Structure formats: structure tokens, C-alpha cells
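Quick note on labels: first sequence line is chain A, next is B, and so on, each numbered from 1. Ligands are counted one by one from 1 in listed order, and the atoms in each one are counted from 1 as well. The basis for the numbers below is simple: all heavy atoms, side chains too, and nothing from hydrogens, waters or symmetry mates.
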Amino acid sequence: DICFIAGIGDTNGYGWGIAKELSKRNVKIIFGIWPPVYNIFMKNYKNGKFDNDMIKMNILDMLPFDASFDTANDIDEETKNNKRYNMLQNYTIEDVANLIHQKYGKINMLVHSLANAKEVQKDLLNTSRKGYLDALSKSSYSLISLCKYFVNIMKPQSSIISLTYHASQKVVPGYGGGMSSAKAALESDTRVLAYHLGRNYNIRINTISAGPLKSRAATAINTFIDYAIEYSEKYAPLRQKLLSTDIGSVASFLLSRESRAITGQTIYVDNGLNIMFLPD
Amino acid sequence: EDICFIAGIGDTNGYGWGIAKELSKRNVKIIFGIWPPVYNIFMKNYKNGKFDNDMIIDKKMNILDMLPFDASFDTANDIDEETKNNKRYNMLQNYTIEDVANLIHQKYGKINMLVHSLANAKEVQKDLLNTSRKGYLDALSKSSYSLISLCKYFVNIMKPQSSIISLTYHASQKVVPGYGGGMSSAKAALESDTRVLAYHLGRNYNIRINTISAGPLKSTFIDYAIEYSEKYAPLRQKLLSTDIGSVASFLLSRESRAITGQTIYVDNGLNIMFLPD
Amino acid sequence: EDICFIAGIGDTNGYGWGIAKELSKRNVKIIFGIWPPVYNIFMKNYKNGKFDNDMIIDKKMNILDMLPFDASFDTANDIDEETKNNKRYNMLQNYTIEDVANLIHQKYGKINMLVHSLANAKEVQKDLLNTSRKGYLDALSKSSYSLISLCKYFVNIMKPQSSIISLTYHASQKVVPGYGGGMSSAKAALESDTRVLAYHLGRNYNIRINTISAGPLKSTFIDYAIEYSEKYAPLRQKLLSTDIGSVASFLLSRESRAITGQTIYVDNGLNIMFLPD
Amino acid sequence: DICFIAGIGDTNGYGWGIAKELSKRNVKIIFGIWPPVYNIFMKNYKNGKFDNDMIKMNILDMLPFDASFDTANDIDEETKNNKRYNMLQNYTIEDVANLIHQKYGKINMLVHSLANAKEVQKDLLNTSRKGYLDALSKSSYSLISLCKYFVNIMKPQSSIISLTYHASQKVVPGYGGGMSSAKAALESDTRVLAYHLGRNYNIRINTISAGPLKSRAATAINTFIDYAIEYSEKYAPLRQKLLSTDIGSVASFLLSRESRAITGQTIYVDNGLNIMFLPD
Ligand SMILES: NC(=O)c1ccc[n+]([C@@H]2O[C@H](COP(=O)([O-])OP(=O)(O)OC[C@H]3O[C@@H](n4cnc5c(N)ncnc54)[C@H](O)[C@@H]3O)[C@@H](O)[C@H]2O)c1
Ligand SMILES: NC(=O)c1ccc[n+]([C@@H]2O[C@H](COP(=O)([O-])OP(=O)(O)OC[C@H]3O[C@@H](n4cnc5c(N)ncnc54)[C@H](O)[C@@H]3O)[C@@H](O)[C@H]2O)c1
Ligand SMILES: NC(=O)c1ccc[n+]([C@@H]2O[C@H](COP(=O)([O-])OP(=O)(O)OC[C@H]3O[C@@H](n4cnc5c(N)ncnc54)[C@H](O)[C@@H]3O)[C@@H](O)[C@H]2O)c1
Ligand SMILES: NC(=O)c1ccc[n+]([C@@H]2O[C@H](COP(=O)([O-])OP(=O)(O)OC[C@H]3O[C@@H](n4cnc5c(N)ncnc54)[C@H](O)[C@@H]3O)[C@@H](O)[C@H]2O)c1
Ligand SMILES: Oc1cc(CCCc2ccccc2)ccc1Oc1ccc(Cl)cc1Cl
Ligand SMILES: Oc1cc(CCCc2ccccc2)ccc1Oc1ccc(Cl)cc1Cl
Ligand SMILES: Oc1cc(CCCc2ccccc2)ccc1Oc1ccc(Cl)cc1Cl
Ligand SMILES: Oc1cc(CCCc2ccccc2)ccc1Oc1ccc(Cl)cc1Cl
């Protein structure tokens, strides 16, 4: 059992919570880390910062990974030469697939745990074409392409999950930049992918619609997350605090053979908030 | 020590059984609630060892008890004289929803898992337009309200962070000609009630409730459904009662503590398709 | 010459009226079906001119007839002796669903528009978990099965390409605490049945059926709903009974010939929101 | 009553059916026409080809329009110089808005009736990043931007509609190139837009999920439409043939004041096919 986790940058997000829970079932974890935060994440690892947070994880490997790039030929010269990518290799999608396959053979688990939008702070009406396409490229297409290259290094009857948010289905003002659009496309693509992957590969794919968690990404939005969290803890059917390991144990289930008959689905792990119409 | 009450088994050929089997792997103690008119037959078969092969898990299914259980009666007060006189029922007692909760609580204490696994529609063969008021309401009574009454009465005998599931079918959401008698209507109400119940039980007791929308299991038209499913579903493998079982087991465990009010599809992904390919 | 039967009016303060008004603009002849216990009061008020202002369209609403109509009885056969004896009912006749279809057909011939605009739940004040089996099934009987029985009996007296609508509410799909007694369950069943009925009626009679999910109209918690709606809905204007009326008119016309089996939201867009802003 | 129809190229699609139905209610129609097909469409108009099809429409104007371009500054040099754009002016989104406002003042109706995807023939898994982003840019973002520039030349209480397809919600193999993704994003964006447009502008926006129609675009897909049409006519609850004027009269209703309380909605005009699970 080996899982590649694409999109972890610290211990405060869903990626880490998923890693933690998979470790409990003795799953081998490989981190794919965005080069802008790659070095600091490494430094904190060896300097034992995450030691309190790993309570012990089985981290097979930690690789540079940028889901903007499908192959080495896609890397633009500027990025190629950038201070933070300098200096790094094999971080495209095709490249990490190959690298992982060489080091470890075929894997059976894949987690898409990333999203990005340059103009998330703008509302949809005010988002540029460029910002909107960026959101879809990094948050949605990246999943499709992740699948395309990893299906060849995955066995049957492997499993894939991604993370989404209810703003795709119902209006959440402030979730801007085309992020709502990107989540809607990703939830749709999850179905279409589940069809092709199931038929041709006997591989499963689902997505988890998570509730609010105060992560790096969540703060990128101009107190929105604080309100989100506070509103959820007040109005959700379940009033417990939502933890990243709550999503993690659900991710672990979806990735395991116990969920062998579930595919193409959007599964809500949000203390039930999604079921509410009117505040209390 | 976890205990699960499974309401609605009649043989080892349905979802209830598949759910019992998977739960047993987690060392969950099982209590069966069985429709009185087939209770004695079931006990006989069980005694005659007909289920021995079905019970093997190198682990035996630990069946704590098997009780007569009728989802159409809420309390002793609701038993009509015609069933009181009735052959089968005459030699059985304490089979109303409240009576069974009291029995279980008395004999074994509080439980923490509840499975609603039962449906009945006396006119399931007639299409909706030709279903009588009597047939429709019977369908709703047995298949939908029974869930609410189960929750009403079993919540008092459940631990906090307990979990509840029922079984539903996609005919509630999309048209399946042949799934008649108001069974579609009953499933739609059940999925809606699952949300409303999730709010109440969640806020007032910290108890979760979800429903599993299952693909076809041979437990006529069922042969069509199964064939069509196996031809057109994203996943080619045969859908097993234990495929639903392992999902049920997870929803009933604390691994799913943040999931409630949901309809979870366990159907090889058939629900996602629009047109045959 | 188009004729629409509107089942479920009691005053000029609800959706039924708003729908009658808008249809009148299209020169549709209106027949009202009125719950017997308020039939006489309604006739009196109508006679005493209490509705004259409400009827102005420089066009008068053309009310072809007003008949007693009870959605809980399918045929003369279903009338229980307690209602037979009953004060109000005693002096009225032919108010069962089949009886009214026969009357209308006899007096006026075939119609081509049908509106189901009625809901009743005797325990609407209790939350779902505390609703009795009796209260739940009453809700389903009056609010959901009544639609099926209406279609069953009125289809024989309708022209081809006729059209049918009912009224529903979003509590079926998302939790609205306070909308109790199984009204949420009833609405969920009604929206599902609308699809199943659309298939049967569409294939067998080329008749369409849809439902309108309406926002709140003051016709307690309703004051909350209306206030919340007017604060948080995408559209600020007040939701009028005639906002539902004009949508109903369109769904009942041939302009919507390719729309059937749908739940159409007329609620200022409130349904699309997740969190208050 | 003036309506701008963005995305008509002949009389065989939904745009024309919508034009026809709006004319019946005495609405003034302005066509926005993709420059690749602009000249031939004009030529056929004056050469009376469409005369049989206009049975008489009130065509206020016919303008070159390319929804790929938000402003003149967005036009790339090659396109600017292309044989078919040569030669044409004011065809960006900002430009047609301005032009229409100068000629006619403010309008009250807008129809987004276009879609495009370079790789529609490929299935999702095999779509490139570039193809996928093209689909979203032309089919989805174009609506957002159309709204952004037209809201200023529209009165309250104006109305906007677009066209979508059920492949966003359920799997339709063969609807490739990210078109499924684009429709899912567009249905989501319709909600988010309905919120901002309703609150700030008292303007409505909805989308029509249409059934199959043998149009130019529909044939671009590698007999798929023929099967679609044939399957729908066999299995839809309503077995009448679906006409472009069936959508048109629904479009007319949504655009009119009769639908003043409907917004953010996906309305199915498809003889009811969407409600079916199992074939007959
Ligand atoms: N936090 C929430 O409230 C919440 C709610 C619902 C869904 N989600 C989803 O969960 C997922 C994880 O987000 P999170 O909340 O854990 O924040 P996070 O910051 O912990 O995770 C996002 C990670 O993705 C990485 N990343 C961004 N762009 C990348 C690229 N081009 N290549 C590779 N890596 C890149 C970042 O380094 C970052 O660490 C996201 O898909 C998000 O949309 C989050
Ligand atoms: N089999 C399928 O293809 C399928 C698909 C979707 C959903 N389901 C659902 O799964 C659940 C279990 O059914 P199944 O398919 O396993 O068949 P099953 O026979 O195993 O389960 C139904 C059981 O309910 C019991 N029952 C009937 N009336 C009762 C009453 N008044 N009181 C108590 N119990 C009563 C019967 O004894 C029967 O054994 C049902 O709720 C059904 O709607 C089944
Ligand atoms: N008002 C709202 O906020 C709202 C919102 C969503 C849906 N609805 C729906 O609109 C429909 C009309 O209700 P309304 O809000 O206009 O109030 P209303 O009083 O105008 O309509 C309900 C009518 O149904 C009649 N009725 C009750 N029991 C009956 C029976 N057994 N037989 C025949 N008729 C009976 C009553 O006389 C009553 O006048 C209902 O179906 C309701 O569920 C209302
Ligand atoms: N035909 C169907 O079966 C069907 C079904 C559901 C939805 N739809 C939708 O209806 C809408 C109209 O499509 P149709 O089927 O009528 O085909 P169509 O070819 O008649 O309409 C598409 C038009 O959009 C124009 N267009 C394409 N790219 C453009 C750009 N960059 N700028 C401006 N114009 C551009 C084309 O010139 C073309 O005339 C589309 O959104 C389509 O997705 C069609
Ligand atoms: O996909 C999500 C969803 C949430 C929930 C936030 C809820 C909320 C409510 C109002 C305003 C903002 C956010 C938080 C973070 C998140 O991931 C995001 C969003 C945006 C970017 Cl650019 C990156 C990432 Cl990782
Ligand atoms: O809830 C379900 C769902 C299915 C799925 C297949 C049923 C089907 C499929 C196609 C056509 C007709 C019927 C099968 C059985 C089932 O349980 C049913 C249905 C009806 C009654 Cl009266 C009781 C039970 Cl336990
Ligand atoms: O079907 C509906 C829907 C609403 C919408 C508001 C109701 C509401 C909102 C918030 C809290 C509680 C109730 C109001 C009235 C209504 O009709 C009802 C409801 C209940 C019964 Cl017994 C009859 C009828 Cl005619
Ligand atoms: O949005 C749609 C939807 C349909 C319905 C086609 C149904 C179908 C089924 C199987 C395969 C292909 C198409 C047809 C055309 C259409 O518009 C499209 C689609 C793709 C492009 Cl590139 C352009 C346009 Cl205008």
C-alpha cells in the first residue's frame, strides 16, 4: 500500500490529516510538495518541528511537485530559472510519475489535495479570464492530468480521491477567483473520470467535500475562514470541531478496498452543514 | 463492546446479512429484528444449520440475539385484533418497535449501532398512477415512517456518538419504471427524512444518521436491473451484499464521525451515468 | 377555450388565488375546488363581495364554478360515517376526487389545466422525530397521494397535451427546522412522484406535469421565513402570489411543451444560497 | 425590449429558435456572429436563404462578435491580421457592448448561446491542458465576461440566459474536450452570478439545459448527435420531436417579466429525458 499525496505544504491542512490517518493503516506515504514551499517544509522536517504533529508517521519520500506542469516541456524558461525551482528536478506531473515508479514500482493510492487561484480575493463577476483559467488549470485540470499519468503506475484495483467545497453547488460569497467554478468542474470531472477509469482500468475515483479548516490556503482569502468555521460550529447538525483527521479517516476509507463499490461520488465530510437550508 | 440492532432480515440473501457479516469482522455484536410472519421459519433454518456456511467470517458471526420485530407497530397500543388473533403473531410477543427496544435494553443494555434494512409495499407491482391510497400509505408506513419511529424509540437506549443507517434506492431521484406501489415515493421520503433526522439527532444527542443507496442484489425486474447494472456501471465487478456491508460498517463506526444526513451510493457508480454507452 | 381546475383554495391569500389571477389574463376559465369545511364560508364571502377587489385583472376574473372538494377521499366509497354525520359535510355532496371530476366533466366537458395547490399535516407543529405514525401518514395522504389520485381521476377528463402543476417547498431537499409533521417528507415524495408521474402521463397520454417550489407567502415561522428570504435572497423584491401565478400560467401553457417532471423554483433565488452573507 | 443574441451562425441551432420566439413577442433582436462565419451568414441573409426560416423576424442588427476577446487589447496580432477578422472591427466583448449602447441605448435581454472546445472529440482523460482551458474560456468564462460588460448597458430588471447540457451532471461519453467540465462550471457560475447580479443590479440570470438538436456544433462531435436525438425520441417521457423553438419559447419566458421571481436556475427543456434512470 503506497499513497502519493499531491499538495501538502505544512501540518495545518487536509493533506497532513490524510497522511496521518493513512499511516494508521500502515500505508506508505509519498509527499508531493510545491517548490515555493519545498525547502522550508524539508527544513522543518529535519529540525523536528513536525515531530509533535506526527504522533509515528511512515514518510517514504518527499518530492518537489508542481501540478501546473504536465511534462518537462511545459516548464516555461522563467520558472525553470526561478530562484526556488532552480535547483530542483523532475517536478512535473509526468516526471514524478516516472520517478515514483522507478524508486518504488506501482502504487495503489492517489490523493489530489491542492487548489490555487490568483484572484481568489475577487468575486466571480470581477475575475479576469486569465485569473479564472488559472483557477481551473491548477485546481481542476491538474486532477485530470494527475490521473492520466498515474494510471500507468497504478494497479487495479487502485483508488483516487480529491478535495472539493460546497461553493460549487451553493453560493458562498467570498469564495472567488473562479474557485467555485473550479470545484464545480472538478466534481463533474470526478464522474466522467470515474467512468473511464472504472471501465478501462478498474480504478476508482471520488471526491471529498470538506467543511472549513483554518489552513494556509484558507487564510489566503481576504477572517472569511474564521467566520466559516464559527458558522459551521454553530449551525452544523454536529457541533464537534471539524478536524483534518476527520477528513483523513474518510479519505483512508475511500482509498481502501472497503469502498470498492463507490465511485464517481462527492462525499460530504462537514459535520452535516450541507444539509441545512435555514439557519437554526 | 459494540452492539448493532439490524431491523429487517428474512434470510441470508439480502443487505441485512451482508451488513451483519462485515460488522462481525469489527467484532460487533449483532441482534436481528425479524418480521414475525417469517420469524419461526428463520429460527428453524438457523437451528437446522442452513446458515452455518453463511456465518463464517476463522471467525464465527457472533449473533447475540434474534427477535420478532414488526416495523408497522410503534407500541403495544397499536396492535389490531386481527393480527392479535393471527396465526403467526399469536405465539409471539413484544414485537412492536418500542417493545423490542425495551427488550434489548433490558437484556443487553445500551447499543451504539442501528440498521434500518426493511421495505414493504403491498402494491409494488402496480405503477404509481395505479397505486391505491391504501397501498401508497402502507408503503410509506412500513418503509419510511418506520425509520422515524425506530429512531424515536431506540435513541433512549443508545450511547452518545451512536450511528444509524438505512437502505435506499435511486428510484427516489430518477425514474425506474417497475419500481411501483409508492416504493419510489417511500425512498424519496426516507432520504429527505434522513436529513431532517440528522439535524435533530445531531444537535440533541450527537447521534449520526445516513442512508446507503444500493445497487441491485438478487434478494423479475431485479434480473433486468442486475444485468443492466453489470453492463453499464463504471465498475464491472459483481455487486455483493458485503460491498454494502463494508460501507455500512464504516458509516456505523467513528471513522465517519463527521458524516451525517447523507445519501451514500454503493452501486458500482451506476448512478452517475446518463445515457448507455 | 381553456379550463383549469384549481384544487385547494380557502381564501384569496394563497398561491391558488395568485395562480387563478394570472391564468385569467390568458382568458383561462377557472374552477375552484374548496375544502368542504370552509366551502360555505368561502361562498358567503364571495357573495358578500369580499373578493371583488381581488378579482379585478379592466378584466374580471372569470370563475366558471366553485365546488366542494376533499383531497383525502378518492371515491364515494371512501367516505367514513363520522364525516357523513359531520355538520359541514352533511349538507354537501359529490366532493370526493372522482365525484368532482365527474361533475366537472358533466357540466363543462374536458379541461386542459390542473392545479394541485393543497397541503395539510395535522401535526405540522411537532418536529419529525416527534410526529406520530397517524400524523405522518395523514400528511402524506393529503399532501402527496392526493396528487396521484388527482391525476388518476382527472386524466380521463383532460385533452391531450394537457398540463398539470403542484406546489412544493425546499424543506424536501434541505433542512428547515419548524416545517414539521412530515410536511417535509410529503414534499420530498411529491417532487419524486412528479417525475414518476411525468413518465407515465407523458408516454401514455402526452400530458405534462411539473411542480413549483415556492418561497414563503404569508397565507409564526412564516414570518421568519419571509423576513430571512427578503434579507438574503438574490432578488430583493417582495415575493408575490402572482409571481408564482405567472410561472404557473407558463407551465400550464403550450409554451412549456418540452418541460416535464421538473421542480421549478420560484423563490427569488433563495434556494441557491449556502451561507448568509 | 431589445435582446442581444451572442452565438448564432445559421438557422439550424438554438440561437435562431430563440430569435424566432422572441420576435413573436415583438422583441428587437441583435445578432452577435462569430467572424469565421460572419460573411457567409450575411450573404445568405441578403440572398434570401433564411427567408423560409423567418416565417417575419425583426432583426435590428448583425454584428461581428468573438467571445474569446474581452477587450481590443486582448486581440492577438495573428487574429487581428487573419483573413476573416481582417477587415472587421469592434468585435470584442467590451466593444460590442459599447457599440450596441451607442446605436440603441440600454437593452434588457441577453442570450449566451455559444460554446467551443478544440478537443471535443477527445475524451476527458485524453484532453490536454490547453484544450481543456480553451473549452472553459470560450464556453464558460465568456458568460461571466459577457455579464461584466453588458450589466452597464442593461436596465433593471433585465434578464440573462445561457444554454447548457446534462453532461455536466451525469456522464455522457463522447461529450469530450472538457465540454462537460465547461457546462458544470457554467451551471455553477449561473448561481454565483445570480447572487451578485440580483443584489447589485436587480438583474436575473438562468440557464437552459436543452436536449439534443442537430446543429452545426452538434455535428462537430465525431452520429453522436443522431444517436442522442434518436435515443431521446425513444426514451424521453415526451416523445414529440424536440424543436429549437421549444427552447426558444422557454428562453422567451425566462427573459420576460413573467419569470421575475426565478434566478440562478438550471431549467431543463428536454422532453423530460433528464428524469430517467433506467431505459424504459
Ligand atoms: N481548508 C478548507 O476549509 C477546505 C475546505 C474544502 C476543501 N478544501 C480543499 O482541500 C485541499 C487542500 O487545501 P487546504 O485547505 O488543506 O490548504 P493547504 O494550503 O494545506 O493545501 C493546499 C496545498 O496545495 C499546494 N499547491 C498549491 N498550488 C500548487 C501547484 N501548482 N502544485 C502543487 N502544489 C500546489 C500548496 O503548497 C498547499 O500546501 C484543496 O483542494 C482545498 O480546495 C479545503
Ligand atoms: N436488493 C436491492 O436491489 C435493493 C436496492 C436498493 C435498496 N434496497 C433496500 O435494501 C433493504 C433490504 O432489502 P433487501 O433487498 O436486503 O431484501 P431483504 O428481504 O433481505 O430485506 C427486506 C426485509 O424486510 C423485512 N420486512 C418486511 N416487512 C416488514 C415489517 N413490517 N416489519 C419488519 N420487517 C419487515 C422482510 O422480512 C425482509 O427480509 C430494503 O430497505 C430495500 O429497499 C434493496
Ligand atoms: N405559503 C408558502 O410559504 C408556501 C411555500 C411553499 C409551498 N407552499 C405550498 O402552496 C400550496 C398552497 O398553500 P398556500 O400556502 O397557498 O395556503 P392556502 O391556504 O392558500 O392553500 C392551502 C389550501 O388547501 C386546502 N385544503 C386543506 N386540506 C384539504 C383537503 N383535505 N382537501 C382539500 N383541500 C384542502 C385549504 O383549504 C387551504 O386553503 C400548498 O401545497 C403549500 O404546501 C406554500
Ligand atoms: N445542439 C444541442 O444538442 C445542444 C444541447 C444542449 C446545449 N446546447 C448548447 O446550445 C448552445 C448553442 O449551440 P447549438 O447546438 O445551437 O450550435 P450552433 O453552432 O447553432 O451554436 C453555436 C454558435 O456559437 C458560435 N461561436 C462559437 N465560438 C464562438 C466564439 N468564440 N465567439 C462567438 N461565437 C462563437 C458559433 O458561430 C455557432 O454559431 C451552445 O451553448 C450549446 O452548448 C446545444
Ligand atoms: O477550497 C477551499 C475551501 C475553503 C472553505 C472556505 C469557506 C469560505 C467561506 C467564505 C469565504 C471564503 C472561504 C477554504 C480553503 C479552500 O482551499 C483553497 C481555496 C482557495 C485557494 Cl486560492 C487555495 C485553496 Cl488550497
Ligand atoms: O429497494 C429495492 C431496490 C431494488 C433495486 C431493483 C428494483 C427494480 C429495478 C428495476 C425495475 C424494477 C425494480 C430491489 C429491491 C428492493 O427492495 C424492495 C423493493 C420492494 C419491496 Cl415491496 C420490498 C423490498 Cl425489500
Ligand atoms: O408548504 C409551505 C411552505 C411554507 C414556507 C414557510 C414554512 C416555514 C418556514 C420556516 C420555518 C417553518 C415553516 C409555508 C406554508 C406552506 O404550506 C403549508 C404548510 C403546512 C401545512 Cl399543514 C399546510 C400548508 Cl398549505
Ligand atoms: O452542448 C451541446 C450539447 C449537445 C448534445 C449532444 C449530445 C451528445 C451525446 C453523445 C456524444 C456527443 C453529443 C450538442 C451540441 C452542443 O454544443 C456544442 C458542443 C461542443 C462544441 Cl465544441 C460546441 C457546441 Cl455549440
Side-chain angles (χ1 to χ4, degrees), chain B residues 7-11 13-17 33-38 69-72 116-120 142-143 146 166-170 183 187 213-219 222 225-226 241, chain C residues 7-11 13-17 33-38 69-72 116-120 142-143 146 166-170 183 187 213-219 222 225-226 241, chain D residues 6-10 12-16 32-34 36-37 65-68 112-116 138-139 142 162-165 179 183 208-218 225 228-229 244:
Chain B
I9 195 192
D11 55 27
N13 294 341
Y15 297 113
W17 193 256
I34 304 156
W35 190 45
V38 297
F69 172 88
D70 200 312
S72 69
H116 180 285
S117 179
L118 60 94
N120 209 342
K142 293 169 169 172
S143 310
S146 68
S166 61
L167 291 149
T168 194
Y169 180 64
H170 195 51
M183 276 310 303
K187 293 310 198 185
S213 195
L217 247 193
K218 209 166 71 170
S219 71
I222 182 59
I226 293 182
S241 72
Chain C
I9 195 192
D11 55 27
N13 294 341
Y15 297 113
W17 193 256
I34 304 156
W35 190 45
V38 297
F69 172 88
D70 200 312
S72 69
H116 180 285
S117 179
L118 60 94
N120 209 342
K142 293 169 169 172
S143 310
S146 68
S166 61
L167 291 149
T168 194
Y169 180 64
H170 195 51
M183 276 310 303
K187 293 310 198 185
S213 195
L217 247 193
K218 209 166 71 170
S219 71
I222 182 59
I226 293 182
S241 72
Chain D
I8 177 166
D10 54 62
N12 305 322
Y14 282 122
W16 183 263
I33 309 166
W34 200 31
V37 311
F65 169 70
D66 194 332
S68 313
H112 179 287
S113 194
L114 65 97
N116 227 339
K138 316 291 191 56
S139 308
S142 58
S162 72
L163 280 61
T164 187
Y165 182 58
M179 271 312 301
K183 292 309 187 181
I208 288 168
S209 197
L213 179 83
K214 197 162 176 66
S215 57
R216 168 178 292 256
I225 189 56
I229 292 191
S244 74

Inset, instruction - Go through ligand 4 atom by atom and flag the ones less than 4.0 Å from a non-hydrogen atom of D/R216. - result: 19 (O)
Legend entry - Contacts of B/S72 that satisfy side-chain hydrogen bond (donor to acceptor under 3.5 Å, both in side chains) - sequence neighbours left out: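 Once residues adjacent in sequence are excluded, the partners of B/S72 under the side-chain hydrogen bond (donor to acceptor under 3.5 Å, both in side chains) criterion are B/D70.
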Could you give the N/O to N/O pairs under 3.5 Å linking ligand 2 and the protein, each with its distance?
from	atom 1	to	atom 2	distance (Å)
ligand 2	1 (N)	B/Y15	OH	3.4
ligand 2	1 (N)	B/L217	O	3.3
ligand 2	3 (O)	B/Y15	OH	3.4
ligand 2	3 (O)	B/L217	N	2.9
ligand 2	15 (O)	B/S219	OG	2.8
ligand 2	16 (O)	B/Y15	N	2.8
ligand 2	17 (O)	B/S219	OG	3.2
ligand 2	28 (N)	B/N120	ND2	3.2
ligand 2	31 (N)	B/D70	OD1	3.3
ligand 2	32 (N)	B/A71	N	3.0
ligand 2	39 (O)	B/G10	N	3.1
ligand 2	41 (O)	B/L118	N	3.4
ligand 2	41 (O)	B/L118	O	3.3
ligand 2	41 (O)	B/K187	NZ	3.3
ligand 2	43 (O)	B/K187	NZ	2.7

Legend entry - Pairing residues for B/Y169 by the ring pair (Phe, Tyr, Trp, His ring centres under 6.0 Å) criterion, not counting sequence neighbours: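 If we apply the ring pair (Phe, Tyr, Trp, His ring centres under 6.0 Å) test to B/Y169, skipping adjacent residues, the hits are B/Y179.
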Inset, instruction - Find out whether B/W17 and B/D11 are in side-chain contact, i.e. whether some heavy atom of one side chain is under 4.5 Å from a heavy atom of the other. - result: no
Legend entry - Test log, rule side-chain contact (heavy atoms from CB on, under 4.5 Å), inputs C/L118 and C/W35: CA-CA 9 Å; C/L118 60 94; C/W35 190 45; over 6 Å; no
Legend entry - Reported OG-to-CG distance for the pair D/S215 and D/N12, which is rounded to 0.5 angstrom: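 Spacing of OG (D/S215) from CG (D/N12) equals 8.0 Å.
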Legend entry - Residues that C/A225 engages under side-chain contact (heavy atoms from CB on, under 4.5 Å), provided they are two or more places apart: C/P216
